[PDB]
């Protein structure tokens, strides 16, 4: 048994990660708790399209490198998030459509992956391409309006740019095996594997709440995607109210699936959360451990 989340996960060959915000790297409580507890880092915002390419052709890795360098200095690996997404696009990309947008999407993947070549274990190459609800349709965005092949082209571009990186598709509301959105993602990955589209991993954001609740069939979802020949990862876990029971269920689901690489929670303290009002993380505002922290650590330790 180990006394910290990352070390506990590492005993079964897994990681335990968090999202890191560069502007908070001067906060001593934040940096010391995150340093101690996690062995994997995702940049919360700094590796997104707008942050990394604020003007077309003009990259800015200053804040991204602050996160990457903090991670490596503190003994963590890094998940890159995210190369192609409808949200947080810079204005210049929002205005593009069609073939011009396709070229800009490819150029953006190539430039960011070149900067980090060989240094990023997993990339969320494409994020949030499915619509919510019963349709299983693609989300409407400039990217999707450029053609159904946007996702496959992003993945082929990424495979050529950095053959060492594991290439992930990441989404939310895709954890419950019975949901239409989950099945749409399953059918896409299955099709990609049939047609030779490079995809190595699927990320399950795991933003659980009353409208999108945890279900024990998450373990079935994880198993069934692993059986397609991809790794699986829990990428942005948070749980409304932070119940200990659900936090332990999720942890045990990952521990039960050989190709589940690890778990990232989407922040450190409740006050760091994008959904702080839902008190959905493992640490209190003062940095003390919540009941859910103990439940996770115990589950990791068997």
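Residue numbers count along the first chain shown, from 1.
S.K.: Could you settle it for me: does 186 to 194 or 213 to 221 have the higher average Cα B factor in the PDB entry?
M.R.: Between 186 to 194 and 213 to 221, it is 186 to 194.
S.K.: Comparing 69 to 77 with 123 to 131, which stretch shows the greater average C-alpha B-factor in the deposited entry?
M.R.: The stretch with the larger mean CA B-factor is 69 to 77.
S.K.: Quiz for you: based on the deposited Cα B-factor, which of 226, 154, 104, 167 is highest?
M.R.: Of the candidates given, the C-alpha B-factor peaks at 226.
S.K.: From 235, 60, 273, 29, can you pick the one with the highest C-alpha B factor in the entry?
M.R.: The listed residue with the largest C-alpha B-factor is 60.
S.K.: Quick check on the deposited entry: does the C-alpha B-factor of residue 181 sit in the lowest, middle or highest third of its chain?
M.R.: As the PDB entry reports it, the C-alpha B-factor of residue 181 lands in the middle third of its chain.
S.K.: Please rank the C-alpha B-factors of the chain's modelled residues and tell me whether residue 22 sits in the lowest, middle or highest third.
M.R.: Highest third of the chain for residue 22's C-alpha B-factor.
S.K.: Looking at the entry's B-factor column for C-alpha atoms only, identify whether residue 90 ranks in the lowest, middle or highest third of its chain.
M.R.: Residue 90: CA B-factor falls in the middle third of its chain.
S.K.: Is the Cα B-factor recorded for residue 98 in the lowest, middle or highest third of its chain?
M.R.: For residue 98, whose C-alpha B-factor we compare with every modelled residue in the chain, the answer is the highest third.
S.K.: Can you work out whether the C-alpha temperature factor of residue 35 puts it in the lowest, middle or highest third of the chain?
M.R.: According to the entry, residue 35 has a C-alpha B-factor in the chain's middle third.
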